[PDB]
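Single chain ahead, written as structure tokens, the form deposited in one PDB entry.
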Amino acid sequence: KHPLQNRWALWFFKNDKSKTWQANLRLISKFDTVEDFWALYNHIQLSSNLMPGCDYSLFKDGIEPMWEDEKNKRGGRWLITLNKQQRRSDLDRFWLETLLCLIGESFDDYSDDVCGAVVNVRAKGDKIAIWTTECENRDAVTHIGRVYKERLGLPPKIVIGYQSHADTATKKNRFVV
């Protein structure tokens, strides 16, 4: 089989309320091969079919998909927001293209600053984001944002923003692209 440069882990989140946020996170599977990635993707529910209040997260092995993880606490995220009416037309395409960015190490020189990606399915609107390790590394953050924006094919006129997890936790953009 053909190996990937990193081992990745898929996590699932289900909003409960009678549970603490951390207790609602569940590790689903791990893979480090091209064949194993496709085996997972071809046999698990699509993001567009998840119930409102759930999330899928793909993070490098060893990094939990939460602000508290050492590799995320000083970091932040590039955020993509979508309307509820775009669930069946763009959500799945955006998520898969995002996954291929991660697994295919599309950020080259700054690959070590990437922690993972998260897709949130909500009644008000869906969100997809790429999490990075340091919200102060301007060159790294800016590079990832530009590469990501181009890959998704977003019209060069609709700017996306980068938010530090610290700011998100204390409810806005450190950078825009």
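Just so we're on the same page, rigid core means the largest C-alpha set that superposes within 1.5 Å between forms. Residues that one form lacks are left out of the comparison. Sequential numbering from 1, following the sequence displayed.
Across the other PDB entries of this protein that were compared, is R7 absent from at least a third?
Counting only entries that model residues on both sides, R7 is resolved in every one of them.
Please determine whether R174 lacks coordinates in at least a third of the other PDB entries of this protein that model its flanking residues.
No; none of the other entries leave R174 out.
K171-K172 interval: deposited residues absent from the model
Gap size class: 4 to 9 residues without coordinates, per the record.
Hey, which bit's got the bigger mean C-alpha B factor in the entry, 90-98 or 103-111?
Of 103-111 and 90-98, the stretch with the higher C-alpha B-factor average is 103-111.
Per the entry, higher mean C-alpha B factor between 127-135 and 147-155:
Comparing averages over the C-alpha atoms only gives 147-155.
Going by the CA temperature factor in the entry, name the top one among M51, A39, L46, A117.
In the PDB entry, the greatest C-alpha B-factor among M51, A39, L46, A117 is found at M51.
Looking at the entry's B-factor column for C-alpha atoms only, identify whether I80 ranks in the lowest, middle or highest third of its chain.
For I80, the deposited C-alpha B-factor lands in the middle third.
Lowest, middle or highest third: where is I160 by Cα B-factor in its chain?
It belongs to the highest third of the chain when residues are ordered by C-alpha B-factor.
Thinking about Cα B factors across the chain, which third does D32 belong to?
It falls in the middle third of the chain.
Within-chain third of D55 by Cα B-factor, per the entry:
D55: CA B-factor falls in the lowest third of its chain.
Note that the form solved in complex with a partner chain isn't included here; everything after this is about it.
Can you pick out, from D61, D139, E35, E70, the residue that has a heavy atom within 4.5 Å of the partner chain in the bound PDB entry?
So the residue touching the partner chain in the bound PDB entry, by this definition, is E35.
Can you confirm whether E97, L100 and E105, the three residues that make up this candidate site, all sit within 4.5 Å of the partner chain in the bound PDB entry, judged by heavy atoms?
Every residue of the candidate spot has a heavy atom within 4.5 Å of the partner chain in the bound PDB entry.
How about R151: is it within 4.5 Å of the partner chain in the bound PDB entry, going by heavy atoms?
Yes, contact at 4.5 Å.
Against the partner chain in the bound PDB entry, would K172 count as a contact residue? Criterion: heavy atoms within 4.5 Å.
Because no heavy atom of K172 falls inside 4.5 Å of the partner chain in the bound PDB entry, the answer is no.
Just one stretch in 41-49, 62-70, 139-147, 117-125 has heavy atoms within 4.5 Å of the partner chain in the bound PDB entry, so which one is it?
The contacting stretch is 41-49.
For residues shared by both forms, which stretches of 3 or more shift their Cα by 2 Å or more between the shown form and the other one, once the core is superposed?
Shifted segments: 16-18, 85-89.
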